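Encoded as C-alpha cells, the structure appears first; notes follow it.
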Amino acid sequence: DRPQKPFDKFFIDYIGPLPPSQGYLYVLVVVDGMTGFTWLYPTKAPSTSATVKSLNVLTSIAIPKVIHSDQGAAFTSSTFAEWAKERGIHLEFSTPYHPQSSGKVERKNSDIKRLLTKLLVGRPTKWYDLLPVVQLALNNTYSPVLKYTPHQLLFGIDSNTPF
Amino acid sequence: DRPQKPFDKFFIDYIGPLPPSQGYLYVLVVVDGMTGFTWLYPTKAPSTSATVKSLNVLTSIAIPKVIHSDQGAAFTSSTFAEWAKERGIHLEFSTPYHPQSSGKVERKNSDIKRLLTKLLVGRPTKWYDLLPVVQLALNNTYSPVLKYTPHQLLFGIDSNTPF
Amino acid sequence: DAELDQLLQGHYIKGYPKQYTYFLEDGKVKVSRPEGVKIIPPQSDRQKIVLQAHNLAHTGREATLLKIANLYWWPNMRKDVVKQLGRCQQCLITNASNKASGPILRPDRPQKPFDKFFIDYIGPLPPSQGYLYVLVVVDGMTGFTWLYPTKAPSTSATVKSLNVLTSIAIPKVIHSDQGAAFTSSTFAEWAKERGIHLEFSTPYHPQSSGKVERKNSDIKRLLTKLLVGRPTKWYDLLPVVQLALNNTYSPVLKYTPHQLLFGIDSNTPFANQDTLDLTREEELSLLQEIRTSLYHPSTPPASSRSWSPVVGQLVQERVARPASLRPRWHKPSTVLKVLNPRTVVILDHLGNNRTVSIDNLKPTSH
Amino acid sequence: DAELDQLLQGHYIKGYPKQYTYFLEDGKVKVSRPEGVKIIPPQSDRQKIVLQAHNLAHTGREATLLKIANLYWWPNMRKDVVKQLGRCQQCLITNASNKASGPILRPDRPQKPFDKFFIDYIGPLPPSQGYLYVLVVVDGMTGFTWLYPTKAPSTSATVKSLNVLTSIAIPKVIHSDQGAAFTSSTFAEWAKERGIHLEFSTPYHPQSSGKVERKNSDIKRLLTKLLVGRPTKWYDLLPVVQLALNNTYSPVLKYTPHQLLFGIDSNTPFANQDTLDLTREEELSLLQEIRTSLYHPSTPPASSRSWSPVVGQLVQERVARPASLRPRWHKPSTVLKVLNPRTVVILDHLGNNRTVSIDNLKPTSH
DNA sequence: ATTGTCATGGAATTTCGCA
DNA sequence: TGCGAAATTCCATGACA
DNA sequence: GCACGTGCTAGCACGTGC
DNA sequence: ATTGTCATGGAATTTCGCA
DNA sequence: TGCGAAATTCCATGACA
DNA sequence: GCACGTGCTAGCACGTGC
Ligand SMILES: [Mn+2]
Ligand SMILES: [Mn+2]
Ligand SMILES: [Mn+2]
Ligand SMILES: [Mn+2]
Ligand SMILES: [Mn+2]
Ligand SMILES: [Mn+2]
Ligand SMILES: [Zn+2]
Ligand SMILES: [Zn+2]
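Protein sequences appear in the order of chains B, B', A and A'. A prime marks a further copy of an entry chain. Just so we're on the same page, the authors' numbering is the position in the first sequence counted from 1, plus 115. Just so we're on the same page, the authors' numbering is the position in the second sequence counted from 1, plus 115. Just so we're on the same page, the authors' numbering is the position in the third sequence counted from 1, plus 8. Just so we're on the same page, the authors' numbering is the position in the fourth sequence counted from 1, plus 8.
Structure follows, in C-alpha cells:
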C-alpha cells in the first residue's frame, strides 16, 4: 500500500555475553527498518529491566509504530507488554526458530555483528568505550540498494563524519 | 546700607549650669538676628568641644556670615578661632562686661531665659526632653515690631504648629 | 453521531459549508478538505480532544489548534480551544502577560514646604564608625534633604532622628514605603501625638517613593566620587553631602533646594546675591511667585497595547517571592474599587482587601 | 589683569561685546550686565574657579555653570566647564551614560541541522534524586533539544552528556557562554579530538546565547505547570519535557522541531500525516524546500539617541562586580577593532585585548 | 486604602551682537 | 530687518529601588 | 518561639592562576 | 576574538462561503 | 463581483539569563 | 592554598502574629 517510512517499525535483539568491558556483557541492537539507522546501548543483562531503561532514552527522542523481535525472554514478558501499550507501540514477533526481518535489516544486523566482533579482536577487552564510534560508522556507511546513507535518509542532509 | 537678612549674623551664648536633666547641665542658644529664629542644643559643658559639635549640626543646614558672642572661654579660644575660619565665618565679640546684640535679640534671649526657667518650675527635673517643644514655641511666637513669626520670616509660609 | 446523521443525509446544518462532501469510513465521519481528509467527531467528544492536545505541552491558542488540525476538523475550533484555556488553572497562573501597564501619573508637586515628607532607608553599607544604615528624609516641595546615620533601620532609630528634625518644623504628611520600621504600632502612635498623617506606598513598588529613592541615587553618586581610591568610611561625609546637594541646581528648575526653602543663599560658596537690595518682605513675596510657577511634567502617551483597570474585572496578583519552579501569579481575583487609573483594591486570595499598584496585576486572559 | 587693561582703556578684544561698560572697583574688573554686575577674572584664575565650583557636588555642565554665574562672567564659560569635566577622573568613572546602544543584529539562522549547537546550564534547582543541574543542548536550525541531569555543572559532567549525544551525529560548531566548565582546557581538548570548533559569547551578555536561554524558559514553564500543587521532583519529568517541546508548533514557523529535523512525525499524539502517499525521497526533497524558506526577522530601527562604535574612540567598560560605594565604570580605553556594529575589541585596563559587547561599553563624554 | 523622578550631555532651537 | 555665533532649552536614558 | 510579610544585599560553584 | 529569541493573545487584515 | 463571517496573520510584551 | 574571573541563586533585618 503506502510507502515505507522512518518511525514505522524498529527491530531489536540482544548480542552477548561478551568480555566484561567496564562491567557490561551485552548490547541492545536497535535498527530502523527504512533507514537502517542504528542505536546501540550496552547492558549488564538480557533482561526486561535493561530494555525499558535503554528504550526510554530512545523513545524520548522519537517513537516507533511497531517493534519486532524474536521470542527471547525480555520481549515476551508481560512487563515489557504493558510498557509497549502505554506508549502506543504495537508488538510483533517472529515465529520460534525462524528469524525474520527484511533484506535491509538482516544485512545491517550482520555488519553490526561483524564490526563488533572485529573490535573484539583488535581491542578485545574494553569495548564499552568504542560503541559511539561504531554507531557513527554504521549510520554513515553507504547502502548498496538505495543510494544514500542512514544519516542521509533520516535527516535529509550530508554528514560531518563521512566514512 | 543694604537691608538686613537671614544668615547674615547669628548670636550665641551659654545658659547653665542647670539641674542634671538626663546627664546634661547647659544649653547653647542660637538666634538669627533678622528672623529671631532659634535653635537650642543641650550640652554637658560650656566648653569649645560642645560648641563645635552642636554648630557642625547647624552649619550643615545653613551657614552664617558672622557669629557674635560674649568673651566667654569657649568662643575666645584659638580652637574655635580656626573652626570659624575654615568655614568662612567672621567673628565678632562684645566688649567685656557690656553685653550687646540688638533690640530684637535682647528680648528673644530674654524669653528663652524665661520660658526655660518656667519649665524649671513646672517640670523642674527632666528638661532635656522638653527642648523641642520650646524651640517650636519660640519660632512660632509672634513678634510685636514686625508683623510675622520667625517661622514666617524664615520659610515665607504659615506654620502647622500655630501658637 | 447525533446531528452527524443529518449531514450524511445531505441536510444542511448551520456552520458546516455545503460545497464539501462529507462521508463515513471505518466507523468515523470524515470530510474532504483542501489540506486533506479530516475526521469530524461528535460534539460530545470535542471537549475531550481539545484537552488532550493542550495537555501535551500546555500550548496556547495557535500551538493547540495546529495539533488538533492534523487529525480533526469542525466549525469554530478556536472557540473551543480558548474555552479550555480560560479554565485550565495551571496555564492561567504560570503564563506571562503580553499587555503593558497604563501610562504613569505624575502627581502634582506639594504646594508649600512641609506639606509632605518622603522617607526611606539606605543600606546596609560598609560599616563606618559602627554605623550601617542611613535614614533619608526628603521634603516634597523643596527637595531639601536631611541625612541621619543609624545602627539599624528600626522604629527606635527612626523616632530619634525625626525628633531632632521636627524641632525646626512639623510636616503635615509623612510618606513611606511599607517597610517594617515605618508600619510599626509604635511609629503610628508617634505620628498621632504630633498630629501628622501617615501615608503608605502600595507594596513591592518603589516608584511610589520615587522622590526619596531618586535622592538616594544622588547621595550614593557623590559619596562614591568622594571615596575613590580610599577606604569607604562614609560617616564623616554625611554632613558634607547633605550640604552640597541641598545647594545644587536642578537644571530644569533653575533653583537649588536651599533656595526654594529660604529664598536666599546662606554663607556657602558661589552664593546668589541677585536679590540684594530688596527687603526681606520683597524677597518672601518673590519666593511665593516662583514656588507656584515651577515646571511640572505631563503624563506620557500610552503603549499601543496597554490595559487599564475596571470594577468587576478579573485580575491576578504577582506572587511576591515565589520559590523555584513555582508559579509567578496568584489565583484570579476581582477588582472592587479603582482609586486611580493605576491603583486598585482587590479581594485577594486570603481573602482580605488589598491595595496594589497595577504593575503587580495582569488582566486574566479569556 | 593682562588684556583686562586693554578693555578698561576701551580697546576691543575678540569675544567680549562692546555695548557694555566694563570698569574697576575694589581691585577687581567687573561688567554691568542685564542680570546684574559680574566679576571678570583674568584667564590665569579661570581654570581654578571652574574647578572650585564643580568640586562642590561634582555637578555636570549646567549645574556647574549656574554656580559660577552667581559671581562671574566671561566669554564661552561652558567651553571651560566641559574642559574640566573631560579630565575630572571621578566624574567620568561614576556618572551614568545617557546614550542607548545601537539596534540588535539578528544573525542568519544556521542552514542545515548540526551546523551549530547552543549550550548552557540551568540551576541549581531543588534537589531531585540527588540531581541539581540540567545541561541543555539546542540545535540552531531545528530548535531540537536534548536535556541531561547532572550533579554539578562541571566539564566532567558535560563531557559525559555530549558523548551520548554525539553518537547520533557530530555538530560543526558548539556555542557556549564563557562559563568555567565550558572554557576549561579539558573541554577544548575534547572538542579538538572530534573536530568541532568552539565559539564563545562575549562575557556578561546572555543575549548572545539567546537561543538556548530562550529554550530554558520554555523548559521551566512546562516543568512548573506540571508540578503545581505537588513536591518539586523534576528528575523523572525531564524526558517528558524533552519530548513535548520537541514536538510543539512554533506558530510563526508552522513547524515543530521534530518536523524540521526528520521531515515526518513519529508515533507521538496528533501526528501529521499530510505527506502520506509520498516516497521518502519526495519528503526529504520537500524538507529542504521548507528549511530554506523559513521566517527570519530584520534588525529593528535605532533609538533616536543611540551610539555606534569606531576605531580609536574612547570607551569605558562596565565594572563586572563593583562593591558598594565603588564606581560602576572602568578607566577609559581605546577601541582597536570593530568586529560588527555591536561587537568590539579593546585594549583594556590590564592591559590585554578583550572582546566585549557594546552593551557593556559607554562612549566617554567630552 | 492611592500616584515615578530628575541629573545628565549631545541635539535642536532661541536669542543676541552687530550693522 | 537679517546674519552667523553664541547662549539657552529640549528630552531620551538610566539608576534609585 | 518560629513563620510571615515587607524591605534590602549578600553568597556559592567551577576551573586556573601564583 | 563576534552577533537576542520566540510563545503568547487581542488587533488588524485576509480569505472564504455563498449568490 | 460583493458582502458578512470566519479563518489566518500581525506584532508588542516579557522571561530566559 | 587562596584570589580571580565567569556563571548562577540564595539570605539577613525588622516588627507582629500564634
Ligand atoms: Mn535474541
Ligand atoms: Mn555667656
Ligand atoms: Mn525602603
Ligand atoms: Mn550559563
Ligand atoms: Mn530604598
Ligand atoms: Mn543560562
Ligand atoms: Zn494548560
Ligand atoms: Zn567631578
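For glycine and all other residues, C-beta sits at the position ideal for the given N, C-alpha and C.
**Asked** Which runs of the beta strand (DSSP E), 3 residues or longer, sit entirely within the segment 327-367 of chain A'?
**Response** 341-348, 351-355 and 361-365
**Prompt:** Can you name the residues of chain A whose CB is closer than 9 Å to the CB of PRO277(A')?
**Reply:** Residue numbering aside, residue 277(A') sits at position 269 when the fourth sequence is read from its first letter. Near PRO277(A') (Cβ distances below 9 Å), the residues of chain A are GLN60, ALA61, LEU64 and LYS75.
**Item:** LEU133(B) vs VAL144(B) beta-carbon contact at 8 Å
**Value:** Within the first sequence, residue 133(B) is the residue found at index 18, counting from 1. Within the first sequence, residue 144(B) is the residue found at index 29, counting from 1. No, Cβ-Cβ distance for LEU133(B) and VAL144(B) is not below 8 Å.
**Message:** Just to confirm the assignment, what range does the beta strand (DSSP E) spanning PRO371(A) have?
**Reply:** Here residue 371(A) refers to the residue found at position 363 when the third sequence is read from its first residue. Unbroken beta strand (DSSP E) run through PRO371(A): 369-371.
**Prompt:** What residues in the segment 320-351 of chain A have a beta carbon less than 9 Å from any beta carbon of chain A'?
**Reply:** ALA331, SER332, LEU333, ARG334, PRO335 and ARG336
**Request:** Could you name each continuous beta strand (DSSP E) segment of 3 residues or more that falls completely within the segment 58-140 of chain A, going from the start of the chain to the end?
**Result:** 124-130
**Asked** Which runs of the alpha helix (DSSP H) spanning at least 4 residues fall entirely within the segment 267-335 of chain A', listed in chain order?
**Response** 288-300
**Request:** Check whether the Cβ of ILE227(A) lies closer than 8 Å to any Cβ atom in chain B'.
**Result:** The count along the third sequence starts at 1 and reaches residue 227(A) at position 219. Not closer than 8 Å to any Cβ of chain B', the Cβ of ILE227(A) fails to qualify, so no.
**Request:** Can you check the segment 178-227 of chain A' for any beta strand (DSSP E) of at least 3 residues that lies completely inside it and give the ranges in chain order?
**Result:** 181-184 and 205-208
**Prompt:** So which of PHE122(B'), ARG117(B') and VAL249(B') has the shortest CA-CA distance to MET149(B')?
**Reply:** Counting from one through the second sequence, the residue named residue 149(B') turns up at place 34. Cα-wise, what sits closest to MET149(B') is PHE122(B').
**Message:** I need the straight-line Cα distance from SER175(A') to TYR80(A), nearest angstrom please.
**Reply:** Here residue 175(A') refers to the residue found at position 167 of the fourth sequence. Here residue 80(A) refers to the residue found at position 72 of the third sequence. Distance between the alpha carbons of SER175(A') and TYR80(A) is about 38 Å.
**Request:** Count the C-beta pairs between the segment 246-260 of chain B and the segment 249-256 of chain A that are closer than 8 Å, then say yes if the count reaches three, no if not.
**Result:** no
**Request:** Can you have a look at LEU284(A') and say buried or exposed, based on whether 16 or more other CB atoms are within 10 angstroms of its CB?
**Result:** Reading the fourth sequence from its first residue, position 276 is the one you call residue 284(A'). When all chains shown are included, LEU284(A') counts as exposed.
**Message:** Residues of the segment 257-275 of chain A' in Cβ contact with chain B at a cutoff of 9 Å, in chain order, please.
**Reply:** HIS266, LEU269, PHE270, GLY271, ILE272, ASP273, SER274 and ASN275
**Request:** Please state whether DSSP places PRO247(B') in a helix, a strand or coil.
**Result:** Here residue 247(B') refers to the residue found at position 132 when the second sequence is read from its first residue. Correct three-state label for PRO247(B'): helix.
**Prompt:** Would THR307(A) pass as a contact of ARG117(A) if the rule is Cβ separation under 8 Å?
**Reply:** Within the third sequence, numbered from 1, the residue matching residue 307(A) stands at position 299. Within the third sequence, numbered from 1, the residue matching residue 117(A) stands at position 109. No.
**Request:** Please confirm if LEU251(B') has its CB atom under 8 Å from at least one CB of chain A.
**Result:** As a working note, residue 251(B') is residue 136 in the second sequence. Answer yes: the Cβ-Cβ gap between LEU251(B') and chain A drops below 8 Å somewhere.
**Message:** Determine, for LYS159(B'), whether the minimum Cβ-Cβ distance to residues of chain A falls below 8 Å.
**Reply:** Within the second sequence, numbered from 1, the residue matching residue 159(B') stands at position 44. Not an interface residue.
**Message:** In whole angstroms, give me the CA-to-CA distance for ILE182(B') and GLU325(A).
**Reply:** Translated into the one-based positions of the second sequence, residue 182(B') becomes position 67. Translated into the one-based positions of the third sequence, residue 325(A) becomes position 317. Roughly 59 Å separates the two Cα atoms.
**Prompt:** Going along chain A, which residues have a C-beta under 8 Å from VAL236(A')?
**Reply:** For the purposes of this step, residue 236(A') is identified with residue 228 of the fourth sequence, where counting begins at 1. Chain A residues near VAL236(A'): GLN97, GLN98, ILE101, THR102 and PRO335.
**Prompt:** So, is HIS19(A') buried or exposed, given that buried needs 16 or more other C-beta atoms within 10 angstroms?
**Reply:** Here the question's residue 19(A') lines up with position 11 in the fourth sequence. Burial call: exposed.
**Prompt:** Taking 7 Å as the line, does the beta carbon of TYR139(A') fall inside it for any heavy atom of ligand 1?
**Reply:** Working through the fourth sequence from its first residue, we reach residue 139(A') at position 131. No.
**Message:** Check whether the segment 47-59 of chain A' and the segment 75-95 of chain A' are in contact - that is, three or more C-beta pairs closer than 8 Å.
**Reply:** yes
**Asked** Taking DSSP as the reference, what is the three-state secondary structure of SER258(A')?
**Response** Sequence index remark: in the fourth sequence, residue 258(A') carries index 250 (1-based). Strand at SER258(A').
**Message:** Could you give the first and the last residue of the continuous beta strand (DSSP E) run that contains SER169(B')?
**Reply:** Locating residue 169(B') in the second sequence gives position 54, counting from the first residue. Counting along the chain, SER169(B') falls outside any beta strand (DSSP E), though it belongs to the alpha helix (DSSP H) covering 163-173.
**Prompt:** Does DSSP put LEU143(B') in a helix, a strand or coil?
**Reply:** Position 28 of the second sequence, counted from the start, is the residue given in the question as residue 143(B'). Note: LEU143(B') maps to strand in three-state DSSP.
**Message:** I'd like to confirm the pairing. Which residues does DSSP put opposite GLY237(B) in its beta bridges?
**Reply:** By one-based count along the first sequence, residue 237(B) stands at place 122. According to DSSP, which records beta bridges pairwise, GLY237(B) is partnered with nothing at all.
**Request:** Could you please go through the chain and list the residues whose beta-carbon is closer than 6 Å to any non-hydrogen atom of ligand 5?
**Result:** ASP128(A), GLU221(A) and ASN224(A)
**Request:** Quick one: grab the DSSP three-state call for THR158(A').
**Result:** Counting from one through the fourth sequence, the residue named residue 158(A') turns up at place 150. It is a strand residue.
**Item:** Outcome for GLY203(A) when other beta-carbon atoms lying within 10 angstroms are tallied against a minimum of 16
**Value:** Residue mapping note: residue 203(A) aligns to position 195 of the third sequence, counting from 1. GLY203(A) is exposed by the Cβ-count criterion.
**Message:** Assuming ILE130(B) and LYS228(B) are in contact, meaning their beta carbons sit under 8 Å apart, how far apart are those beta carbons, in whole angstroms?
**Reply:** Your numbering for residue 130(B) matches position 15 in the first sequence. Your numbering for residue 228(B) matches position 113 in the first sequence. Confirmed, about 7 Å.
**Asked** So what does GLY44(A') bridge to, in DSSP terms?
**Response** For the purposes of this step, residue 44(A') is identified with residue 36 of the fourth sequence, where counting begins at 1. Bridge partners of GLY44(A'): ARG41(A').
**Asked** Can you give the Cα-Cα distance for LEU295(A') and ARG350(A), rounded to whole angstroms?
**Response** Counting from one through the fourth sequence, the residue named residue 295(A') turns up at place 287. Counting from one through the third sequence, the residue named residue 350(A) turns up at place 342. Their Cα atoms are separated by approximately 50 Å.
**Prompt:** Using a C-beta to C-beta distance shorter than 8 Å, which residues of chain A count as neighbours of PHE122(B')?
**Reply:** For this step, residue 122(B') is matched to residue 7 along the second sequence. Near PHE122(B') (Cβ distances below 8 Å), the residues of chain A are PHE270, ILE272, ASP273, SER274 and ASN275.
**Message:** Looking at the strands, I want to know which residues DSSP matches up with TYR30(A').
**Reply:** As a first step, residue 30(A') is located in the fourth sequence; it is residue number 22 there, counting from the start. Answer by DSSP bridge pairing, in chain order: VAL39(A').
**Asked** How about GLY203(B): is its C-beta nearer than 8 Å to some C-beta of chain A'?
**Response** Here residue 203(B) refers to the residue found at position 88 of the first sequence. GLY203(B) counts as touching chain A'.
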